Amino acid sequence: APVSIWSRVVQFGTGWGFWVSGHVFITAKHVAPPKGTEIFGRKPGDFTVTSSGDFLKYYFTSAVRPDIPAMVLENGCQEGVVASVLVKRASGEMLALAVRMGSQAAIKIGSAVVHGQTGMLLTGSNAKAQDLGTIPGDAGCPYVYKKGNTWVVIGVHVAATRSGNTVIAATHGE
């Protein structure tokens, strides 16, 4: 009966994004298509767009996906929480990566300080040797966890370190 969580993750621009609800879609700003692109067969004027750092939210005034009930969105989680990154690949593969969430920490470079949260993959020290870490292009995939019985989404993937153990999620509530 209930909608799979994976079905909320869809391809978008040069990465992916997540239906929080029937009206709300989120992604990483740096993978999105240009301002004024028709998306999901919608014109500009059918939606409003808000962004904090590399977090990007579309709100469609008329629901795009009535089938999908609203999920609690949060601005990160308590540190130490084990969340999952729901990574889809263009091959079709779906990889849920366990990640221990670190501290809310904000850096690309100086004078362009974007905000998010780090975590370490629980996939081990040699995640990229195993084809079990992320790649750029997984950007936009969601980070989620289960608080009690309730599911909640906390951010979207932006990047990983060279040796892929540390990952970075963009956050906010909007």
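Residue numbers here begin at 1 and follow the sequence given.
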Segment of higher mean CA temperature factor, 109-117 or 38-46: 109-117
Using the B-factors recorded in the PDB entry, average over the C-alpha atoms of 60-68 and of 139-147, then report which stretch comes out higher. 60-68
Residue with maximal Cα B-factor (values as given in the PDB entry) among 122, 26, 32, 129: 129
With respect to C-alpha B-factor, does residue 169 fall in the lowest, middle or highest third of the chain as deposited? lowest
Can you tell me which third, lowest, middle or highest, the CA B-factor of residue 14 falls into for its chain? middle
Looking at the temperature factor on the CA atom of residue 78, which third of the chain's modelled residues does it land in? highest
Should residue 103 be placed in the lowest, middle or highest third of its chain by the C-alpha B factor in the entry? highest
